[PDB]
$ cat protein.cif   # mmCIF, C-alpha atoms and all ligand atoms
data_final
loop_
_atom_site.label_atom_id
_atom_site.label_comp_id
_atom_site.auth_asym_id
_atom_site.auth_seq_id
_atom_site.Cartn_x
_atom_site.Cartn_y
_atom_site.Cartn_z
CA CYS G 19 -2.56 -51.16 -93.78
CA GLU G 20 0.76 -52.98 -93.58
CA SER G 21 2.85 -51.43 -90.80
CA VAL G 22 0.26 -51.30 -88.02
CA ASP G 23 2.11 -51.59 -84.72
CA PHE G 24 0.15 -54.00 -82.55
CA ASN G 25 2.47 -53.37 -79.60
CA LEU G 26 1.10 -49.84 -79.28
CA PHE G 27 -2.33 -51.18 -78.35
CA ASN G 28 -1.13 -51.65 -74.76
CA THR G 29 -1.09 -47.91 -74.10
CA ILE G 30 -4.83 -47.34 -74.58
CA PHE G 31 -6.46 -50.05 -72.45
CA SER G 32 -7.76 -49.19 -69.00
CA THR G 33 -9.53 -51.19 -66.32
CA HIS G 34 -12.31 -49.59 -64.32
CA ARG G 35 -10.16 -49.42 -61.17
CA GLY G 36 -6.44 -49.24 -60.63
CA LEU G 37 -5.32 -52.86 -60.31
CA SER G 38 -1.80 -54.09 -59.65
CA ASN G 39 -0.23 -57.34 -60.97
CA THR G 40 -3.60 -58.57 -62.24
CA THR G 41 -5.21 -60.27 -65.25
CA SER G 42 -8.61 -58.73 -65.99
CA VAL G 43 -11.38 -58.90 -68.60
CA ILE G 44 -12.47 -55.55 -70.04
CA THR G 45 -15.02 -54.65 -72.70
CA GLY G 46 -15.99 -51.66 -74.79
CA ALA G 47 -15.12 -50.00 -78.07
CA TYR G 48 -11.54 -51.05 -78.80
CA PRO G 49 -9.61 -50.98 -82.08
CA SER G 50 -9.72 -53.90 -84.49
CA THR G 51 -6.69 -56.17 -84.76
CA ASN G 52 -7.61 -56.98 -88.37
CA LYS G 53 -5.18 -55.25 -90.74
CA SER G 54 -8.07 -54.85 -93.21
CA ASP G 55 -9.61 -52.10 -91.03
CA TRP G 56 -6.71 -49.60 -90.95
CA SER G 57 -7.22 -47.05 -93.76
CA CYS G 58 -3.57 -46.18 -94.16
CA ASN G 59 -2.36 -46.15 -97.77
CA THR G 60 -4.74 -43.93 -99.78
CA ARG G 61 -3.05 -41.77 -102.42
CA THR G 62 -6.31 -40.83 -104.19
CA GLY G 63 -6.97 -37.65 -102.21
CA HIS G 64 -9.72 -39.44 -100.24
CA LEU G 65 -7.66 -40.01 -97.09
CA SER G 66 -10.47 -37.97 -95.54
CA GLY G 67 -13.21 -40.57 -95.86
CA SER G 68 -15.90 -41.03 -93.24
CA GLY G 69 -17.30 -43.64 -90.90
CA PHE G 70 -20.55 -44.82 -89.33
CA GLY G 71 -18.99 -46.30 -86.23
CA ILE G 72 -18.78 -45.71 -82.49
CA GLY G 73 -15.23 -44.43 -82.21
CA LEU G 74 -11.99 -43.95 -84.03
CA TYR G 75 -8.34 -44.72 -83.26
CA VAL G 76 -5.35 -42.90 -84.73
CA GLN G 77 -1.78 -44.14 -84.88
CA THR G 78 1.14 -42.01 -86.01
CA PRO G 79 3.67 -44.42 -87.57
CA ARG G 80 7.18 -43.67 -86.25
CA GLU G 81 9.31 -40.59 -85.63
CA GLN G 82 12.91 -41.89 -85.56
CA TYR G 83 15.01 -41.36 -88.67
CA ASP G 86 11.01 -35.71 -93.04
CA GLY G 87 11.42 -34.51 -89.46
CA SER G 88 8.90 -31.70 -89.05
CA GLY G 89 6.14 -33.47 -90.99
CA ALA G 90 3.67 -34.73 -88.39
CA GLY G 91 0.03 -35.72 -88.42
CA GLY G 92 -2.88 -33.38 -88.86
CA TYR G 93 -5.81 -35.72 -88.13
CA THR G 94 -8.68 -33.28 -88.36
CA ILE G 95 -11.63 -35.17 -86.85
CA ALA G 96 -15.19 -33.82 -86.86
CA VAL G 97 -17.54 -36.28 -85.18
CA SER G 98 -21.11 -35.58 -86.17
CA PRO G 99 -24.49 -36.22 -84.53
CA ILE G 100 -25.82 -37.77 -87.74
CA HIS G 101 -29.05 -35.69 -87.99
CA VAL G 102 -27.67 -32.29 -87.01
CA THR G 103 -29.67 -29.45 -85.47
CA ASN G 104 -28.63 -26.27 -83.67
CA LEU G 105 -28.64 -27.70 -80.13
CA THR G 106 -26.67 -30.90 -80.83
CA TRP G 107 -22.99 -31.36 -79.97
CA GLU G 108 -20.01 -31.74 -82.28
CA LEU G 109 -16.33 -32.47 -81.63
CA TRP G 110 -13.42 -31.02 -83.60
CA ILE G 111 -9.95 -32.32 -82.78
CA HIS G 112 -7.29 -30.58 -84.81
CA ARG G 113 -3.53 -30.66 -85.23
CA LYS G 114 -1.07 -29.15 -87.72
CA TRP G 115 2.39 -30.23 -88.87
CA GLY G 116 3.98 -29.11 -85.62
CA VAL G 117 6.42 -30.53 -84.97
CA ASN G 118 5.82 -29.02 -81.54
CA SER G 119 3.14 -30.21 -79.25
CA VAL G 120 -0.03 -28.16 -79.55
CA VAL G 121 -3.23 -30.06 -80.29
CA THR G 122 -6.79 -28.87 -79.61
CA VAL G 123 -10.05 -30.62 -78.75
CA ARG G 124 -12.94 -28.07 -78.41
CA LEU G 125 -16.18 -30.01 -77.99
CA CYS G 126 -18.48 -27.07 -78.70
CA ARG G 127 -22.04 -26.43 -79.87
CA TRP G 128 -22.01 -25.06 -83.42
CA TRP G 129 -24.77 -23.86 -85.72
CA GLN G 130 -23.73 -25.19 -89.15
CA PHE G 131 -22.46 -28.47 -90.55
CA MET G 132 -20.00 -27.68 -93.35
CA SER G 133 -16.30 -27.42 -92.54
CA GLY G 144 -14.42 -25.21 -87.53
CA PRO G 145 -14.61 -21.41 -87.15
CA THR G 146 -12.71 -19.04 -84.87
CA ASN G 147 -15.22 -19.37 -82.04
CA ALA G 148 -18.57 -20.97 -81.24
CA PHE G 149 -21.11 -20.76 -78.45
CA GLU G 150 -21.55 -23.04 -75.42
CA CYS G 151 -18.38 -25.15 -75.50
CA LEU G 152 -17.90 -27.87 -72.86
CA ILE G 153 -14.18 -28.64 -73.10
CA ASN G 154 -11.83 -26.19 -74.79
CA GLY G 155 -8.15 -26.74 -74.19
CA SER G 156 -4.75 -27.39 -75.65
CA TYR G 157 -3.49 -30.46 -73.70
CA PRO G 158 -0.07 -30.65 -75.40
CA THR G 159 1.34 -34.03 -76.43
CA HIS G 160 4.96 -34.91 -77.12
CA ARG G 161 6.00 -37.23 -79.92
CA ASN G 162 7.30 -40.66 -78.97
CA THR G 163 8.92 -43.58 -80.75
CA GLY G 164 5.38 -44.07 -82.07
CA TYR G 165 2.12 -42.68 -80.74
CA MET G 166 -1.45 -43.98 -80.70
CA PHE G 167 -4.66 -42.39 -79.46
CA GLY G 168 -8.39 -42.51 -79.95
CA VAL G 169 -11.74 -41.02 -78.95
CA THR G 170 -14.78 -43.09 -78.13
CA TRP G 171 -18.54 -42.51 -78.06
CA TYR G 172 -20.23 -45.69 -76.90
CA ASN G 173 -23.64 -45.01 -75.36
CA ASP G 174 -22.72 -41.34 -75.13
CA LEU G 175 -19.74 -41.86 -72.81
CA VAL G 176 -17.08 -39.67 -74.36
CA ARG G 177 -13.58 -41.01 -73.69
CA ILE G 178 -10.70 -38.98 -75.08
CA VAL G 179 -7.68 -41.23 -74.60
CA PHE G 180 -4.37 -39.45 -75.07
CA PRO G 181 -1.83 -41.63 -73.22
CA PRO G 182 -0.99 -41.38 -70.37
CA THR G 183 -4.04 -39.38 -69.21
CA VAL G 184 -7.72 -39.72 -70.11
CA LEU G 185 -10.88 -37.61 -70.08
CA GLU G 186 -14.38 -38.96 -69.47
CA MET G 187 -17.75 -37.24 -69.80
CA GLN G 188 -21.12 -39.01 -69.69
CA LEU G 189 -23.45 -36.90 -71.80
CA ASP G 190 -27.13 -37.74 -71.86
CA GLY G 191 -27.66 -37.88 -75.61
CA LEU G 192 -25.38 -37.32 -78.58
CA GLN G 193 -26.11 -40.01 -81.20
CA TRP G 194 -22.73 -39.59 -82.88
CA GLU G 195 -22.19 -41.73 -85.98
CA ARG G 196 -20.51 -39.66 -88.70
CA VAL G 197 -16.77 -39.25 -88.14
CA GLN G 198 -15.43 -37.15 -91.08
CA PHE G 199 -11.78 -37.71 -90.15
CA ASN G 200 -9.03 -36.27 -92.38
CA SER G 201 -5.22 -36.25 -92.53
CA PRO G 202 -2.91 -34.28 -94.87
CA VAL G 203 -2.75 -36.63 -97.83
CA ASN G 204 0.49 -37.34 -99.78
CA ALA G 205 2.46 -36.19 -96.73
CA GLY G 206 5.90 -37.16 -95.52
CA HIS G 207 4.32 -40.27 -94.02
CA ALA G 208 0.82 -41.78 -93.83
CA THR G 209 -0.96 -41.84 -90.47
CA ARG G 210 -3.30 -44.79 -90.04
CA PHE G 211 -6.91 -44.65 -88.86
CA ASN G 212 -9.31 -47.27 -87.49
CA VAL G 213 -13.09 -46.78 -87.30
CA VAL G 214 -14.55 -49.14 -84.73
CA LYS G 215 -18.01 -50.58 -85.34
CA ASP G 216 -18.86 -53.01 -82.53
CA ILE G 217 -17.60 -53.41 -78.98
CA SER G 218 -15.15 -56.18 -78.18
CA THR G 219 -14.02 -58.10 -75.11
CA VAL G 220 -10.32 -58.13 -74.27
CA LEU G 221 -8.25 -60.07 -71.74
CA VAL G 222 -5.61 -57.71 -70.38
CA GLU G 223 -2.79 -58.13 -67.88
CA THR G 224 -1.51 -55.16 -65.89
CA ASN G 225 1.99 -54.63 -64.53
CA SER G 226 3.35 -53.40 -61.18
CA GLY G 227 1.86 -49.91 -61.43
CA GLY G 228 -1.29 -50.72 -63.38
CA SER G 229 -0.18 -50.50 -67.01
CA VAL G 230 -1.36 -53.09 -69.51
CA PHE G 231 1.43 -54.99 -71.24
CA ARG G 232 -0.36 -58.06 -72.68
CA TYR G 233 -3.72 -58.39 -74.41
CA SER G 234 -5.77 -60.92 -76.34
CA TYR G 235 -9.15 -60.25 -77.88
CA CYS G 236 -11.67 -62.90 -76.95
CA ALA G 237 -13.24 -63.42 -80.38
CA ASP G 238 -10.06 -63.79 -82.45
CA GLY G 239 -9.85 -67.58 -82.26
CA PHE G 240 -10.70 -70.64 -80.21
CA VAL G 241 -7.91 -70.48 -77.63
CA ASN G 242 -8.55 -66.77 -77.05
CA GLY G 243 -12.09 -67.56 -75.96
CA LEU G 244 -10.84 -70.19 -73.55
CA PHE B 391 -27.03 -30.58 -66.32
CA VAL B 392 -25.78 -31.90 -69.65
CA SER B 393 -23.23 -34.27 -68.11
CA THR B 394 -22.96 -36.26 -64.93
CA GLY B 395 -19.50 -35.97 -63.45
CA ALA B 396 -18.03 -32.65 -64.52
CA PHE B 397 -17.97 -31.46 -60.89
CA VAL B 398 -18.03 -27.72 -60.53
CA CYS B 399 -16.97 -27.26 -56.91
CA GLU B 400 -16.13 -24.39 -54.59
CA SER B 401 -12.80 -24.27 -52.75
CA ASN B 402 -10.17 -26.50 -54.46
CA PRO B 403 -9.12 -29.39 -52.20
CA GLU B 404 -5.97 -29.28 -50.12
CA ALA B 405 -3.31 -31.72 -49.02
CA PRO B 406 -4.53 -34.18 -46.37
CA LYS B 407 -3.05 -34.77 -42.93
CA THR B 408 -0.57 -37.65 -42.95
CA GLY B 409 -0.54 -39.67 -39.76
CA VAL B 410 -4.06 -39.72 -38.35
CA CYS B 411 -6.93 -42.14 -38.89
CA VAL B 412 -9.85 -40.54 -40.73
CA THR B 413 -12.58 -42.00 -42.93
CA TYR B 414 -11.81 -40.61 -46.38
CA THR B 415 -14.05 -40.52 -49.42
CA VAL B 416 -12.02 -40.22 -52.62
CA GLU B 417 -13.70 -40.68 -56.04
CA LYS B 418 -16.91 -42.56 -55.06
CA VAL B 419 -14.91 -44.90 -52.75
CA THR B 420 -15.14 -44.34 -49.01
CA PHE B 421 -12.48 -45.95 -46.82
CA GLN B 422 -10.75 -45.53 -43.47
CA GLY B 423 -7.08 -45.33 -42.59
CA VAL B 424 -3.98 -43.20 -42.36
CA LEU B 425 -1.87 -41.82 -45.19
CA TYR B 426 1.85 -41.29 -45.68
CA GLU B 427 4.04 -39.85 -48.41
CA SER B 428 5.36 -42.43 -50.89
CA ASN B 429 7.84 -42.60 -53.75
CA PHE B 430 5.58 -45.07 -55.56
CA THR B 431 4.35 -44.06 -59.01
CA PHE B 432 1.53 -45.72 -60.92
CA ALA B 433 -0.49 -45.16 -64.06
CA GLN B 434 -1.91 -41.74 -64.84
CA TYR B 435 -5.29 -43.21 -65.88
CA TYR B 436 -6.03 -44.02 -62.25
CA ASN B 437 -6.09 -42.17 -58.95
CA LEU B 438 -6.91 -45.20 -56.78
CA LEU B 439 -4.82 -48.38 -56.73
CA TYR B 440 -5.68 -51.90 -55.58
CA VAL B 441 -3.33 -54.70 -54.59
CA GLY B 442 -5.76 -57.57 -54.78
CA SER B 443 -8.92 -56.10 -53.30
CA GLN B 444 -7.60 -53.64 -50.71
CA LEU B 445 -6.93 -49.99 -51.42
CA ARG B 446 -3.19 -49.47 -51.26
CA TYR B 447 -2.47 -46.04 -52.80
CA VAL B 448 -4.36 -42.82 -53.44
CA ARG B 449 -3.21 -39.86 -55.52
CA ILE B 450 -4.30 -36.45 -54.20
CA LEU B 451 -3.14 -33.20 -55.89
CA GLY B 452 -0.42 -35.14 -57.69
CA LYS B 453 0.96 -36.66 -54.47
CA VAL B 454 0.80 -40.43 -53.99
CA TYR B 455 -0.19 -41.57 -50.49
CA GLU B 456 0.08 -45.19 -49.35
CA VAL B 457 -3.03 -46.19 -47.39
CA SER B 458 -2.48 -48.01 -44.11
CA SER B 459 -5.07 -49.45 -41.79
CA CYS B 460 -5.39 -47.55 -38.55
CA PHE B 461 -4.63 -50.15 -35.90
CA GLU B 462 -6.28 -48.49 -32.89
CA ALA B 463 -9.87 -48.57 -34.09
CA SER B 464 -10.91 -51.46 -31.84
CA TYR B 465 -10.22 -52.68 -28.32
CA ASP B 466 -11.38 -55.14 -25.70
CA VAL B 467 -12.13 -54.28 -22.08
CA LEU B 468 -10.92 -56.57 -19.29
CA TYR B 469 -13.68 -55.40 -16.99
CA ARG B 470 -13.68 -55.87 -13.22
CA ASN B 471 -15.60 -52.91 -11.72
CA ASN B 472 -16.14 -49.16 -12.21
CA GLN B 473 -12.63 -48.21 -11.14
CA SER B 474 -10.58 -51.19 -12.32
CA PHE B 475 -10.53 -52.41 -15.91
CA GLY B 476 -7.87 -53.21 -18.47
CA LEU B 477 -7.62 -52.50 -22.18
CA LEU B 478 -6.34 -54.78 -24.95
CA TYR B 479 -5.89 -53.58 -28.51
CA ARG B 480 -5.93 -56.84 -30.42
CA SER B 481 -4.71 -55.48 -33.75
CA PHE B 482 -2.14 -52.88 -32.72
CA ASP B 483 1.62 -53.49 -32.59
CA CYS B 484 3.17 -51.31 -29.87
CA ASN B 485 6.77 -52.41 -30.34
CA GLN B 486 7.90 -48.81 -30.85
CA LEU B 487 5.21 -46.13 -30.86
CA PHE Q 294 -29.48 -14.68 -74.64
CA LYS Q 295 -25.86 -15.51 -73.95
CA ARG Q 296 -25.11 -18.82 -72.25
CA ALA Q 297 -22.27 -20.09 -70.09
CA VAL Q 298 -20.82 -23.58 -69.73
CA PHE Q 299 -19.87 -24.41 -66.13
CA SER Q 300 -17.52 -27.39 -65.76
CA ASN Q 301 -14.34 -28.12 -63.76
CA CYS Q 302 -14.30 -24.73 -62.06
CA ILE Q 303 -15.11 -22.86 -58.86
CA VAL Q 304 -18.40 -20.97 -58.62
CA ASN Q 305 -18.25 -17.98 -56.28
CA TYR Q 306 -20.52 -16.56 -53.62
CA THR Q 307 -23.62 -14.60 -54.71
CA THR Q 308 -21.94 -13.18 -57.81
CA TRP Q 309 -25.07 -13.95 -59.82
CA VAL Q 310 -27.13 -11.18 -58.16
CA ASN Q 311 -26.78 -7.45 -57.72
CA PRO Q 312 -24.88 -6.39 -54.55
CA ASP Q 313 -28.01 -4.86 -52.96
CA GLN Q 314 -29.30 -7.08 -50.15
CA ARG Q 315 -33.04 -6.45 -50.43
CA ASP Q 316 -33.99 -7.69 -53.88
CA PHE Q 317 -32.64 -11.25 -54.11
CA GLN Q 318 -33.84 -12.29 -50.66
CA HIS Q 319 -36.72 -14.43 -51.91
CA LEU Q 320 -34.08 -17.13 -52.57
CA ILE Q 321 -33.10 -17.19 -48.88
CA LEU Q 322 -33.99 -20.29 -46.82
CA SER Q 323 -32.00 -20.40 -43.57
CA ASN Q 324 -28.52 -19.53 -42.29
CA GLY Q 325 -27.35 -21.57 -45.25
CA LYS Q 326 -28.97 -19.37 -47.85
CA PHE Q 327 -26.86 -19.42 -51.05
CA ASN Q 328 -29.45 -21.30 -53.12
CA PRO Q 329 -30.00 -20.17 -56.72
CA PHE Q 330 -32.84 -22.59 -57.51
CA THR Q 331 -36.57 -22.49 -56.80
CA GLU Q 332 -38.24 -25.65 -58.16
CA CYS Q 333 -36.08 -28.55 -59.28
CA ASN Q 334 -36.72 -31.40 -61.70
CA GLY Q 335 -36.02 -34.01 -60.72
CA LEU Q 336 -32.78 -33.68 -58.79
CA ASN Q 337 -32.63 -32.73 -55.12
CA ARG Q 338 -33.21 -28.99 -54.83
CA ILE Q 339 -30.69 -27.80 -52.24
CA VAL Q 340 -27.24 -27.10 -53.66
CA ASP Q 341 -24.57 -27.72 -51.04
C1 LIG L 501 3.83 -56.54 -58.34
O1 LIG L 501 4.75 -57.51 -58.87
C2 LIG L 501 6.15 -57.21 -58.72
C3 LIG L 501 6.90 -58.36 -59.35
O2 LIG L 501 6.53 -59.61 -58.77
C4 LIG L 501 6.51 -57.00 -57.25
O3 LIG L 501 7.88 -56.63 -57.14
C5 LIG L 501 8.53 -57.46 -56.15
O4 LIG L 501 8.41 -56.88 -54.83
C6 LIG L 501 9.01 -57.67 -53.79
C7 LIG L 501 8.67 -57.00 -52.48
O5 LIG L 501 7.44 -57.48 -51.97
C8 LIG L 501 10.50 -57.78 -54.05
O6 LIG L 501 11.10 -58.58 -53.03
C9 LIG L 501 10.74 -58.40 -55.42
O7 LIG L 501 12.14 -58.42 -55.71
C10 LIG L 501 10.01 -57.63 -56.51
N1 LIG L 501 10.15 -58.30 -57.79
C11 LIG L 501 10.43 -57.65 -58.93
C12 LIG L 501 10.56 -58.51 -60.15
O8 LIG L 501 10.58 -56.44 -58.97
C13 LIG L 501 5.61 -55.92 -56.64
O9 LIG L 501 5.88 -55.76 -55.25
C14 LIG L 501 4.14 -56.30 -56.85
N2 LIG L 501 3.20 -55.49 -56.06
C15 LIG L 501 2.82 -54.18 -56.10
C16 LIG L 501 3.39 -53.27 -57.17
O10 LIG L 501 2.02 -53.75 -55.29
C1 LIG L 502 -11.70 -21.61 -76.67
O1 LIG L 502 -10.30 -21.34 -76.35
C2 LIG L 502 -9.69 -20.33 -77.17
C3 LIG L 502 -8.24 -20.24 -76.73
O2 LIG L 502 -8.14 -19.85 -75.37
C4 LIG L 502 -10.44 -19.01 -77.03
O3 LIG L 502 -9.86 -18.04 -77.89
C5 LIG L 502 -11.91 -19.21 -77.38
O4 LIG L 502 -12.63 -18.01 -77.15
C6 LIG L 502 -12.51 -20.32 -76.52
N1 LIG L 502 -13.91 -20.55 -76.86
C7 LIG L 502 -14.86 -20.73 -75.94
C8 LIG L 502 -16.25 -20.95 -76.46
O5 LIG L 502 -14.61 -20.71 -74.74
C1 LIG L 503 -5.04 -47.86 -14.22
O1 LIG L 503 -3.88 -47.45 -13.57
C2 LIG L 503 -4.13 -46.36 -12.66
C3 LIG L 503 -2.85 -46.15 -11.87
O2 LIG L 503 -3.02 -45.14 -10.89
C4 LIG L 503 -5.34 -46.64 -11.76
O3 LIG L 503 -6.40 -45.75 -12.09
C5 LIG L 503 -5.84 -48.09 -11.82
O4 LIG L 503 -4.98 -48.89 -11.02
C6 LIG L 503 -5.90 -48.67 -13.25
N1 LIG L 503 -7.27 -48.84 -13.72
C7 LIG L 503 -8.16 -47.87 -13.98
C8 LIG L 503 -9.48 -48.34 -14.48
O5 LIG L 503 -7.93 -46.67 -13.82
#

$ encode --input "protein.cif" --output "structure tokens" --more "lines below"
Ligand SMILES: *[C@@H]1O[C@H](CO)[C@@H](O[C@@H]2O[C@H](CO)[C@@H](O)[C@H](O)[C@H]2NC(C)=O)[C@H](O)[C@H]1NC(C)=O
Ligand SMILES: *[C@@H]1O[C@H](CO)[C@@H](O)[C@H](O)[C@H]1NC(C)=O
Ligand SMILES: *[C@@H]1O[C@H](CO)[C@@H](O)[C@H](O)[C@H]1NC(C)=O
Amino acid sequence: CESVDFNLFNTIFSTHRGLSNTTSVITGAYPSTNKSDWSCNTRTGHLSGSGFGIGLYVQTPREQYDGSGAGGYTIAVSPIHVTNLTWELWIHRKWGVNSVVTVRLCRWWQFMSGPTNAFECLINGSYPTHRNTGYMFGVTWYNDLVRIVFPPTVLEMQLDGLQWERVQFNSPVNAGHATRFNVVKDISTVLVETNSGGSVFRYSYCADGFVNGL
Amino acid sequence: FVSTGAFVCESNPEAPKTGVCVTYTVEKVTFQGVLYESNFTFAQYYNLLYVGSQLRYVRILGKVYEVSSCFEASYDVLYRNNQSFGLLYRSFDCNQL
Amino acid sequence: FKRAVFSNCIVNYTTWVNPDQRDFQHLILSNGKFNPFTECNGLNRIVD
């Protein structure tokens, strides 16, 4: 894309403990700083797309001056060879512009596309989010550790086996704006620095140059 | 057990007692000290907080408690006989209380 | 058979058996007796 805010990446990083006034090295599935990985400007009707990665990060552009036109970001993460006892995720949002999103990691019985109700659903909640100056989130399946990161909070569940690869994300195409999406493929290593209360405000990825590795 | 760490538990936990030493165990981290109410706020990703390597704050039921070391956990005996000894608490400051 | 997902909630006392106190008593061990499992694999069997 072209207008990817790289100053919104601070809101998604977490250390394993709560650390104050500290520079730390973290690793895991984190979104690419390359602008050639943010599928942002598709007007062909294939803003849906797919991915074969280990997570996905979503960034709504800006909400200060359309109005009511917000993101939809229907995401349906698939356990690539689907059976009846595997697990899917279906995060859904409409135009809003009020808060209500939904997560519903359930156990469905078909593959084609999110019914009214399914059987045996682990998390099933609203968890309302308010719009900001600009918002960024993402969900992560790296070695079956599900991390739903909606800043400020987080949700972590270590499931024994999922084998999620297929993403099947989708936004309302040709909308008032264009929400940008980032499918992560490999884990990274990031140098972060936390503030007074534990919030990251500086980062540098370790493999983006020579000085960054030093 | 499809997940480790979902934690179905009887009897929702209640607010701890502020002002007595007790060995807590909060989120896989056991520690000893007293707690007090604070107006310090930190990041919602974390319940525990470290300043360096010591635990400084915990967050229980949405309330932030600053962890202090209980200073009366250890003492020396100035021993003379069965009925005459003295006590010295080497790490306690009894200026006021 | 209908299933139930138990996560982030409060299970309650002996509300998985009928209220008669003769039938379910083969799952009684000691004074602490609220144990709904018989043979466990491979986790530790007592639920406290
Ligand atoms: C984290 O760093 C900040 C900034 O250095 C600390 O804030 C200082 O706190 C001292 C008290 O010990 C004050 O005298 C300074 O004026 C503060 N400086 C600023 C810029 O606010 C903070 O105490 C540190 N430690 C934490 C949060 O545990
Ligand atoms: C999920 O939540 C919705 C809204 O409360 C409810 O209607 C639905 O039955 C729930 N599904 C399951 C499987 O709990
Ligand atoms: C402590 O003071 C009291 C004062 O009556 C008395 O028992 C003794 O002098 C002191 N020492 C001990 C061990 O009690």

$ atom_distance --input "protein.cif" --atom1 "atom CA of residue 448 of chain B" --atom2 "atom CA of residue 414 of chain B"
10.5 Å

$ residues_near_ligand --input "protein.cif" --ligand "ligand LIG 501 (chain L)" --cutoff "12 Å" --atoms "all atoms listed in the file" --output "MDAnalysis selection string"
(chainID G and resid 36:41 223:229) or (chainID B and resid 430:433 439:447 456)

$ residues_near_ligand --input "protein.cif" --ligand "ligand LIG 503 (chain L)" --cutoff "6 Å" --atoms "all atoms listed in the file" --output "ChimeraX atom specification"
/B:473-475

$ interface_residues --input "protein.cif" --of "chain Q" --to "chain G" --cutoff "9 Å" --atoms "all atoms listed in the file" --output "list in words"
residues 295, 296, 297, 298, 299 and 300 of chain Q

$ closest_atom_pairs --input "protein.cif" --of "chain Q" --to "chain B" --cutoff "9 Å" --atoms "only C-alpha atoms" --output "Markdown table"
| residue | atom | partner | partner_atom | distance |
| --- | --- | --- | --- | --- |
| Q:299 | CA | B:398 | CA | 6.8 |
| Q:300 | CA | B:398 | CA | 5.3 |
| Q:301 | CA | B:398 | CA | 4.9 |
| Q:302 | CA | B:398 | CA | 5.0 |
| Q:303 | CA | B:400 | CA | 4.6 |
| Q:304 | CA | B:400 | CA | 5.8 |
| Q:305 | CA | B:400 | CA | 7.0 |

$ atom_distance --input "protein.cif" --atom1 "atom CA of residue 425 of chain B" --atom2 "atom CA of residue 230 of chain G"
26.8 Å

$ axis_aligned_box --input "protein.cif" --around "segment 455-465 of chain B" --padding-each-side "8 Å" --output "lines of an AutoDock Vina configuration file"
center_x = -5.4
center_y = -47.1
center_z = -39.4
size_x = 27.0
size_y = 27.1
size_z = 38.2

$ residues_near_point --input "protein.cif" --point "(-6.9, -52.6, -23.9)" --cutoff "8 Å" --atoms "all atoms listed in the file" --output "ChimeraX atom specification"
/B:465-468,476-480

$ residues_near_point --input "protein.cif" --point "(-15.1, -38.9, -94.1)" --cutoff "12 Å" --atoms "only C-alpha atoms" --output "MDAnalysis selection string"
chainID G and resid 57 63:71 74 93:98 133 195:201 211 213

$ closest_residue --input "protein.cif" --among "B:451, B:434, B:406, B:421" --to "chain G" --atoms "only C-alpha atoms"
B:434

$ atom_distance --input "protein.cif" --atom1 "atom CA of residue 165 of chain G" --atom2 "atom CA of residue 89 of chain G"
14.4 Å

$ residues_around --input "protein.cif" --residues "residue 59 of chain G" --least-positions-apart "3" --cutoff "8 Å" --atoms "all atoms listed in the file" --output "number ranges by chain"
G: 19, 208, 210

$ closest_atom_pairs --input "protein.cif" --of "chain G" --to "ligand LIG 502 (chain L)" --cutoff "12 Å" --atoms "all atoms listed in the file" --output "tab-separated table"
residue	atom	partner	partner_atom	distance
G:110	CA	L:LIG502	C1	11.8
G:120	CA	L:LIG502	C3	11.8
G:121	CA	L:LIG502	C3	11.6
G:122	CA	L:LIG502	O1	8.9
G:123	CA	L:LIG502	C1	9.4
G:124	CA	L:LIG502	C1	6.8
G:125	CA	L:LIG502	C8	9.2
G:126	CA	L:LIG502	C8	6.9
G:127	CA	L:LIG502	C8	8.7
G:128	CA	L:LIG502	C8	9.9
G:144	CA	L:LIG502	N1	11.7
G:145	CA	L:LIG502	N1	10.3
G:146	CA	L:LIG502	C5	7.5
G:147	CA	L:LIG502	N1	5.5
G:148	CA	L:LIG502	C8	5.3
G:149	CA	L:LIG502	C8	5.3
G:150	CA	L:LIG502	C8	5.8
G:151	CA	L:LIG502	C8	4.8
G:152	CA	L:LIG502	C8	8.0
G:153	CA	L:LIG502	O5	8.1
G:154	CA	L:LIG502	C1	5.0
G:155	CA	L:LIG502	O1	6.2
G:156	CA	L:LIG502	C3	8.0
G:157	CA	L:LIG502	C3	11.7

$ closest_residue --input "protein.cif" --among "B:437, B:472, B:486, B:429" --to "chain G" --atoms "only C-alpha atoms"
B:437

$ closest_residue --input "protein.cif" --among "B:411, B:460, B:419, B:438" --to "chain G" --atoms "all atoms listed in the file"
B:438

$ residues_around --input "protein.cif" --residues "segment 325-339 of chain Q" --least-positions-apart "5" --cutoff "9 Å" --atoms "all atoms listed in the file" --output "PyMOL selection string"
chain Q and resi 306-307+309+320

$ residues_around --input "protein.cif" --residues "residue 221 of chain G" --least-positions-apart "5" --cutoff "9 Å" --atoms "only C-alpha atoms" --output "MDAnalysis selection string"
chainID G and resid 41:45 232:236 242

$ closest_residue --input "protein.cif" --among "B:417, B:462, B:435, B:455" --to "chain G" --atoms "only C-alpha atoms"
B:435
